[PDB]
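Colleague: Just passing along the structure, written as structure tokens.
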Ligand SMILES: NC(=O)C1=CN([C@@H]2O[C@H](COP(=O)(O)OP(=O)(O)OC[C@H]3O[C@@H](n4cnc5c(N)ncnc54)[C@H](O)[C@@H]3O)[C@@H](O)[C@H]2O)C=CC1
Ligand SMILES: NC(=O)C1=CN([C@@H]2O[C@H](COP(=O)(O)OP(=O)(O)OC[C@H]3O[C@@H](n4cnc5c(N)ncnc54)[C@H](O)[C@@H]3O)[C@@H](O)[C@H]2O)C=CC1
Ligand SMILES: NC(=O)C1=CN([C@@H]2O[C@H](COP(=O)(O)OP(=O)(O)OC[C@H]3O[C@@H](n4cnc5c(N)ncnc54)[C@H](O)[C@@H]3O)[C@@H](O)[C@H]2O)C=CC1
Ligand SMILES: NC(=O)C1=CN([C@@H]2O[C@H](COP(=O)(O)OP(=O)(O)OC[C@H]3O[C@@H](n4cnc5c(N)ncnc54)[C@H](O)[C@@H]3O)[C@@H](O)[C@H]2O)C=CC1
Ligand SMILES: NC(=O)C1=CN([C@@H]2O[C@H](COP(=O)(O)OP(=O)(O)OC[C@H]3O[C@@H](n4cnc5c(N)ncnc54)[C@H](O)[C@@H]3O)[C@@H](O)[C@H]2O)C=CC1
Ligand SMILES: NC(=O)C1=CN([C@@H]2O[C@H](COP(=O)(O)OP(=O)(O)OC[C@H]3O[C@@H](n4cnc5c(N)ncnc54)[C@H](O)[C@@H]3O)[C@@H](O)[C@H]2O)C=CC1
Ligand SMILES: Nc1nc2c(ncn2[C@@H]2O[C@H](COP(=O)(O)OP(=O)(O)OP(=O)(O)O)[C@@H](O)[C@H]2O)c(=O)[nH]1
Ligand SMILES: Nc1nc2c(ncn2[C@@H]2O[C@H](COP(=O)(O)OP(=O)(O)OP(=O)(O)O)[C@@H](O)[C@H]2O)c(=O)[nH]1
Ligand SMILES: Nc1nc2c(ncn2[C@@H]2O[C@H](COP(=O)(O)OP(=O)(O)OP(=O)(O)O)[C@@H](O)[C@H]2O)c(=O)[nH]1
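Residue numbers (the numbering used here), protein chains in the order written: chain A, -8 to 488; chain B, -8 to 488; chain C, -8 to 488.
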């Protein structure tokens, strides 16, 4: 059980088309024959599936010891029905076009599941950042954008890179600075070419913790749904149950704190080295220190090394957040859990899905969970496309206008019950007192994220009941994804051909 | 014996580097240590070898029956040491990135062997032109350029497509018209984006027969070299020996006539269907009719069907001009020939080379033979970059000036020997009478091609003696190729890295 | 005597306008009043004089020890009557806008004196290349072009940098590579943005020795003019007289060999360290070795150190070729020479000119001598703007056509005097045998340079007699310069204002 990662995501898309194909002909309003309309649907589905562009590079670089190397680099743009196309830049010696093509596809559907205006994209670099000088990573990241930009694969109108595995705000700043100063110098939207930038360079409050909140608001939108918890046989709530984490990195890290702050007791955590198992809870603050002190989660003196993979650890909510294809046909029989959230991108093989549906354990699709990161990188790309600190124009104004609603209510009452002259004191609460001056930059993020992953969780529930998919929310997700991208191709007069 | 076609061309490049690496350190003038300089050479060689860009596409098209299809299309730009990058566009259901990457590499060396200012490139389309309407091929060719152009892979400053397998002047006109009218409208060099265009659209006299002349002037430059014919045991001349042809298409066709007009008796010819064997000669005119009348070289009533592949036919000069990897370890033992010219691109597997060197049969590298086609498509790209019919400015002027050289000589003599008054009539010959008005468009082609493949044949001879490569002219060719591309990287300060 | 270098060149321009102003009104064909026309001339002269653009920069760089620095950099575009604008890039800690503005002006007149289509320009960088790593010079040169390019000061349509003091073909390659790969990627004329590139990167045979030939053909065009040598009291010829050199660098070096190969005995040479005086001749080959071996012309065991400046050395032809303002009011009284050539740019202060005219010693203007370098960098900018090795198209053709002139003459004679049947053998000479195949790349250089500095030397002689300027050829040069740039402004309808 190790399919070509692109043949796998295609496999999910397949079961999606196998169910939509019927409810999609009846919504096609053209005037043709029944079979003809189906010969129209299946055709458009064959256009969605493949990637529309897969660039492939090679970089002469000069390492600090003067020697040269080549660096294969990739970038796919899955679909063009929606511009621009976002997608992270991954640094790993395990990246390939067969991987990038699929990760590129997912973000075409992630962005469709959470209603974000972007096509899919993804860029890889065969590289191990743990090997190279922090000068060499600059000469590599800047060259990698110099190559893309001149071939039309970076720019606020075509593609927007983003952080991903083994990349952070450090790299994303090198990109925005190279693009702004070479190609899009005159363009007013220069700095808006990448997301995940540092705050001082045009970022957004909580771009790092963005994905974590995703995993959080996702789990919350289901744990607090009794219709499934009655099936899974658990309790709506967090402090009553626990969870584990694969891949203590950005997702895994912030998936903890936001899920740790509400009573859910993070049992264990692991990484490429080993596992750290404590059935009583690990402080996400303290462990975060060792990643900056001891280089690994190992040695953590408030837990122990675990002779076994996290995926088999007894818990309540499994969260693979480290790499692809981790759960598989050989790990599925030994999960011993109830819910498998997904921070990583397609961490479950399609073979293991049936086993999970068979074992009666709910799998929440990665299309829905790690989509939080996108919906915040959208606010960033949209922040620095308007050139204004959101809400700055109307801080002093909203603060005044609200002080005149409450006043008018007061002045109005002091004429009806004011016969005694009694000063009715209409004053804000503690909560409203914060929201007087309006929506600050952080407020729309903590809301626009919690809202985007509210509508999405419904549209997934609303579908899985319409088609009776039970706990295969994944298939229900692709259905909502495919139905949306279809109406774009259908009405667009797909081509000039 | 069926290597990955890119692992094969790499294999030739390897044996090339294995011999140049020594004579190239001593020509490196930097001030370092011996071993260091070698750590500099091997590094640059690792930069040349791989392709710098390999795009990959997917086309929604609307066939005439209304159904949709996807069409994978590829384009590689091997190197950027020389802009623009030329390369044909092949239509075949057997094309892939693993093929295009190598064909792209060859033209980086072809252009280096014949001193033509272009990097290498190649574009493929998984398609069978024998299946589609001549309307659908337009909707495909125009879309294929629309996709490339917007991503910076067509344009007189980056890439210049050209005819290749299953494409002719018909297709190349659709490209130039689409590019000129969409992307490079304002650009003055719009129409110069492709070569192989029809004459009325900016072509060159004999762009079709260009490659054939290549195969001709190549063979001639060796047959008339006794130093090898003494080794091979044959006679310098054409009317005394024969030859066969694989792949009666453009190369194979015009390889015949230009080699048929000088006594060399074309024994047989074949194609995807079958062989046409006559040990007494086939009229290239008559057979050309059946390709336009009977759809195949079969049925040709002045010869017979041959129960066997051409590659084993007894002859004097074998010319594979149909596809890749035709000669191989299984066909090498049964060649029964003396010289194997190469119209096709890498039609010989590296394993068969040793057998050919062992059997003491000279193999002329495809780098040298089919390079004629490029050297004429260069004159085209250079014709329509100057916007003038070459030589038009000075037709009436040269005609006059020459009539004053010959006159002055006459008037000068009629004063020394003119004591008798005898009118010395200095008048042109028959030959010069043609070259009076200067160099017309066709004259520079028939010369610039015959000249370009004169210098090249020497530099190959001049190398194969300097390093004692005997009859492995192929290896001698790559040596001249690598030495040239190296001096470009070496001196360029290869990167800003 | 140390004027602001821009107030000095202005001073020469002044005496130029003071003489042209009369002979220029009568050539103005507009219909106005006499005084009005003069109010038109003086006005246009005030437009020529100043620089139209003087950029000024500042570079954050990261030295190899990690520390930051700023690097002031300048570039002036004197005039725009002729695009593009060429001008070297000088690296020296003595550069400033007050210097660049004037050097920029000179090349507007240099290019006008030798009829080369370029406005003037010049770029400086406050830097000492002897201090920085050969990595740091790359990070500086590439950044310096990145800054200019984005502000429209590099590009084959606006400006074309070139080598100058403390820069060579090494730097010019870093520029062409940075521009080609960032800004003008798509442009077909990308690599044509700079001149002085290495040959493998699009240079010209003898771009280094180009300026030297200038100094040579300049001196020759005057030494072989008796009209002045009768005044100066010397002999037309080189082997009969000697010369010295200031600044053994590129100009001074190649000024020697080309003037050494014709009997002229180079007495001494100096540099920032000291002088090397031998009244019997210094081998330019041997001394060139020590510059690559012993770091200085000092220690040269076939001469001695000279306790004195070159400018006072007894010789016949003084050539300052090291820096500006070297001759001055304090050095003029002690020249003890006959002719002062000028390789450097304005090495003579205007005060010293009168003393030189008074001492009756001819000063050849730098406008005329070092203009050879430009006229070759023009051929380069024009070479790589046509994308063809000049003369390659018609090597085999001219070789044939000439073999038919000589044949026709033979065949013609063998009918008049051929009654005896005697085979008249019309065959090329030794000299013509070289020029059969036509004009190669090096031939047009050695001619186009020797020709350009033939017409120029006449137009200067032709003027200095028309206005009776005696030996002040400098003033005669500016007259020809001003008269040319004037007709451009005059007829252009100078502005839309
Ligand atoms: N971080 C983000 O912004 C987003 C991340 N994701 C997904 O989340 C996943 C992880 O988040 P990242 O930020 O990339 O984390 P990261 O870049 O910090 O690295 C993940 C960590 O997991 C560990 N790990 C990797 N492979 C492993 C394996 N096979 N077994 C055990 N441990 C392993 C590594 O030590 C690494 O520290 C990624 O796969 C990515 O697809 C998705 C969207 C946004
Ligand atoms: N290089 C570029 O073109 C960049 C442009 N921007 C744009 O600027 C806008 C800034 O808004 P926000 O940062 O959200 O407001 P903000 O109130 O969130 O500002 C964040 C930080 O930026 C600093 N800052 C504000 N103005 C500054 C200035 N003129 N110079 C230096 N630092 C300054 C503030 O001290 C604050 O600490 C964004 O909308 C973005 O579109 C932002 C970053 C880089
Ligand atoms: N035609 C040109 O302008 C140039 C052609 N070439 C090379 O020359 C070769 C042929 O020239 P094209 O113009 O492409 O010919 P073409 O495009 O006319 O087609 C080649 C012919 O050979 C036959 N053929 C193909 N594969 C065969 C096989 N496996 N066995 C037997 N017959 C087969 C086909 O029937 C076809 O008619 C190509 O492989 C190409 O690489 C190289 C440079 C320029
Ligand atoms: N669409 C475009 O931008 C094109 C531009 N050109 C440029 O035009 C130049 C033409 O030179 P050549 O064709 O080599 O000269 P040529 O003497 O070879 O002309 C070839 C054919 O073009 C025809 N032709 C010439 N001028 C014409 C016009 N104004 N309208 C219609 N047909 C005309 C002539 O009748 C002749 O049959 C080329 O240098 C090329 O650069 C050529 C083709 C297309
Ligand atoms: N080299 C060229 O391509 C061109 C040069 N020029 C002029 O020729 C002059 C020299 O040619 P470059 O190529 O710049 O030579 P360069 O760049 O090799 O350096 C000139 C040499 O003269 C010596 N020198 C500098 N200042 C001196 C001083 N005050 N006293 C004694 N020696 C000194 C230095 O040691 C240096 O090696 C320059 O001033 C420039 O204006 C003009 C046009 C083209
Ligand atoms: N990066 C760019 O865009 C460059 C473009 N060019 C253009 O190319 C033309 C070249 O003409 P010339 O060099 O004067 O001819 P040339 O006969 O003077 O060639 C000089 C050297 O270039 C080498 N060379 C020729 N073709 C080559 C190729 N395809 N690959 C690698 N090396 C090759 C030759 O071996 C020779 O040693 C120039 O007209 C120039 O416009 C030249 C240099 C760089
Ligand atoms: N690595 C790390 N990041 C943190 C930590 N605390 C907060 N952050 C991030 O830094 C941002 C600033 O935190 P706050 O000032 O508390 O604002 P906030 O959005 O209310 O913080 P949260 O509600 O915890 O998301 C937060 O949005 C988090 O994304 C922490 O302890 N460790
Ligand atoms: N298919 C085909 N093409 C031909 C034939 N004859 C000539 N051509 C091509 O058409 C062009 C015009 O031919 P010509 O008028 O004879 O000029 P040419 O260049 O002297 O012809 P060649 O010397 O045979 O190359 C030639 O350059 C050939 O490329 C032919 O019989 N069949
Ligand atoms: N530094 C240096 N350069 C040289 C020397 N000899 C020639 N060159 C340069 O290298 C080029 C190649 O020289 P040649 O092969 O002799 O061609 P060339 O143009 O006839 O040489 P010259 O007539 O001396 O200019 C010349 O154009 C010179 O510019 C030399 O001895 N030292």
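All C-beta atoms, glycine included, are put in the ideal place defined by N, C-alpha and C.
1. I want to see whether chain C comes within less than 8 angstroms of residue 374 of chain B, judged by CB atoms only; does it?
2. List the residues that DSSP assigns as beta-bridge partners of residue 67 of chain A.
3. How many Å lie between residue 388 of chain A and residue 395 of chain A at the Cα?
4. Applying the criterion that 16 or more other CB atoms from any shown protein chain within 10 Å of the CB defines a buried residue, is residue 253 of chain A buried or exposed?
5. If you draw a straight line from the alpha carbon of residue 321 of chain C to that of residue 31 of chain C, how long is it in whole angstroms?
6. Take residue 310 of chain C as the anchor and find which of C/371, C/160, C/233, C/227 has the nearest alpha-carbon.
7. For a contact meaning CB atoms closer than 7 angstroms, what does residue 485 of chain B contact in chain D?
8. In its own chain, which residues sit with a C-beta less than 8 angstroms from the C-beta of residue 281 of chain A, not counting the 5 before and 5 after it?
9. Say the cut is 7 angstroms; is the CB of residue 176 of chain C nearer than that to a heavy atom of ligand 8?
10. List, in order along the chain, the chain A residues whose C-beta lies closer than 7 angstroms to that of residue 488 of chain B?
11. For the region 377 to 459 of chain B, list the alpha helix (DSSP H) runs that are entirely contained and at least 4 residues long, ordered along the chain.
12. So does residue 193 of chain C have its beta carbon nearer than 7 angstroms to some heavy atom of ligand 6?
13. What is the DSSP secondary structure of residue 317 of chain A, reduced to helix, strand or coil?
14. Identify the contact partners of residue 76 of chain A in chain B, using a Cβ-Cβ distance below 9 angstroms as the criterion.
15. Would the beta-carbon of residue 211 of chain A be found less than 7 angstroms away from any heavy atom of ligand 7?
16. For residue 398 of chain A, count neighbouring Cβ atoms within 10 angstroms of its own Cβ and tell me buried if that reaches 16, exposed if not.
17. Mind listing the chain A neighbours of residue 172 of chain C? Cutoff is C-beta to C-beta under 8 angstroms, in chain order.
18. Just to check, is the beta-carbon of residue 200 of chain C closer than 7 angstroms to a non-hydrogen atom of ligand 9?
19. Using C-beta distances below 7 angstroms, list every residue in its chain close to residue 171 of chain B, excluding the 5 sequence neighbours before and after it, in chain order.
20. Taking only heavy atoms of ligand 5 into account, decide whether any of them is closer than 7 angstroms to the Cβ of residue 364 of chain B.
21. Quick one: list the residues of chain B neighbouring residue 169 of chain C, beta-carbon separation under 7 angstroms, in chain order.
22. Are there three or more Cβ pairs, one per stretch, closer than 8 angstroms when the region 374 to 387 of chain B is compared with the region 341 to 355 of chain B?
23. What do you reckon, is the C-beta of residue 262 of chain B under 7 angstroms from a heavy atom of ligand 3?
24. Checking 8 angstroms against the spacing of the C-beta atoms, do residue 312 of chain B and residue 343 of chain B come in under that value?
25. Return the residue from the list B/65, B/55, B/33 that minimises the CA-CA distance to residue 51 of chain A.
26. Could you tell me if the beta carbon of residue 445 of chain C falls within a distance shorter than 7 angstroms of some heavy atom in ligand 8?
Modeller: From the atom records:
1. no
2. In the DSSP assignment, residue 67 of chain A forms a beta bridge with A/45, A/113.
3. 11 angstroms
4. exposed
5. 40 angstroms
6. It is C/233.
7. Absent from the structure is chain D; the protein chains it does hold are A, B and C.
8. 287, 288, 290, 291
9. No, the beta carbon of residue 176 of chain C sits no closer than 7 angstroms to any heavy atom of ligand 8.
10. 51, 52, 53, 130, 134
11. 386 to 407, 421 to 425, 432 to 457
12. yes
13. coil
14. Simply none; closest approach about 13 angstroms.
15. no
16. Exposed is the label assigned to residue 398 of chain A, since fewer than 16 other Cβ atoms lie within 10 Å of its Cβ.
17. The contacting residues are 137, 141.
18. yes
19. 181, 182
20. no
21. Residues of chain B passing the Cβ test: 487.
22. The region 374 to 387 of chain B is not in contact with the region 341 to 355 of chain B.
23. For ligand 3, at least one heavy atom lies less than 7 angstroms from the Cβ of residue 262 of chain B.
24. With contacts defined as CB atoms closer than 8 angstroms, residue 312 of chain B and residue 343 of chain B fail to qualify as a contacting pair.
25. B/33
26. Flag unset: Cβ of residue 445 of chain C not near ligand 8.
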